[PDB]
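Following: one structure in structure tokens, then a few remarks.
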Amino acid sequence: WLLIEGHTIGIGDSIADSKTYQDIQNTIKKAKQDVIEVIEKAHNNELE
Amino acid sequence: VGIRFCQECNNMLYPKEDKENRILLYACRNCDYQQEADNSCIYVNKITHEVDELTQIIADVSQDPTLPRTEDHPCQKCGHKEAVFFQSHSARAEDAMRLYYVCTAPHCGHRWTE
Ligand SMILES: [Zn+2]
Ligand SMILES: [Zn+2]
């Protein structure tokens, strides 16, 4: 039956849309900003 | 706490008892020289070994291209805006990520911590 149906993998499976791309980029930016804030807290001796 | 040497053969002086005048003295083990002890303490160790690392920072590190430098913290003596910063930068330095600041100005080298 797989001869009739078919199965594959390609670029279109690994790609996503621009809304999801911008969401991912926003999450990465927020994470980097949080790490910068934690670094600032550590350097200012404000880390408990 | 310090080590003082003999003035005759330049060997190490050792503390010893003066049993009649009841005073600590330093005497050489290789001759007969004796010297009165002013500090009146011999051995001391700090187990927690807290030391200011600002004394261990050479002022030459302002010429390092690899160290980061900031503009927000100015120097205290010359008021120079640019200054490099770095961490404790040593092993057995307990747990602290405290920054040490060195002014990167010519004929300067004031060191402060925040
Ligand atoms: Zn001697
Ligand atoms: Zn300065």
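Chain B residue numbers are taken from Swiss-Prot; in order, the displayed residues are 12-125.
If you check the header, you will see the structure was determined by electron microscopy, 3.0 Å.
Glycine is no exception: its Cβ is also placed from the backbone N, Cα and C atoms.
Annotated in Swiss-Prot:
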type    : residues                     : note
BINDING : B:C17, B:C20, B:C39, B:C42   : Zn(2+) 1 binding site
ZN_FING : B:17-42                      : zinc finger
ZN_FING : B:82-124                     : zinc finger
BINDING : B:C86, B:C89, B:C114, B:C119 : Zn(2+) 2 binding site
Practice problem: Within 10 Å of the Cβ of B:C86 (Zn(2+) 2 binding site), how many other Cβ atoms can you find? Include all protein chains, please. | Solution: 20
Quiz item: Helix, strand or coil: which one is B:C20 (Zn(2+) 1 binding site) in, per DSSP?
Solution: coil
Quiz prompt | Additional residues surrounding Zn(2+) 1, by Cβ distance to the B:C17, B:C20, B:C39, B:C42 centre under 8 Å | solution = B:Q18, B:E19, B:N21, B:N22, B:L24, B:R40, B:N41, B:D43, B:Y44
Quiz item: Using a Cβ-Cβ cut-off under 8 angstroms and a sequence gap of six or more, which residues of the chain neighbour B:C89 (Zn(2+) 2 binding site)?
Solution: B:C114, B:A116, B:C119, B:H121
Quiz item: Which residues in the same chain, at least 6 apart in sequence, have a Cβ under 8 Å from the Cβ of B:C20 (Zn(2+) 1 binding site)?
Solution: B:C39, B:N41, B:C42, B:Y44
Self-check item: Close-lying binding-site residues around ligand 1 among B:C20, B:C42, B:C119, where CB distance stays under 6 Å
Solution: B:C20, B:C42
Quiz item: Among the binding-site residues B:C20, B:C39, B:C86, which have a Cβ atom lying under 6 Å from any atom of ligand 2?
Solution: B:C86
Quiz item: Inside 8 A of the center formed by the CB atoms of B:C86, B:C89, B:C114, B:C119, which other residues of the chain have their CB, for the recorded Zn(2+) 2 site?
Solution: B:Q87, B:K88, B:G90, B:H91, B:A94, B:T115, B:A116, B:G120, B:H121
Practice problem: Could you state the whole-number distance in Å separating the C-alpha atoms of B:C17 (Zn(2+) 1 binding site) and B:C86 (Zn(2+) 2 binding site)? | Solution: 44
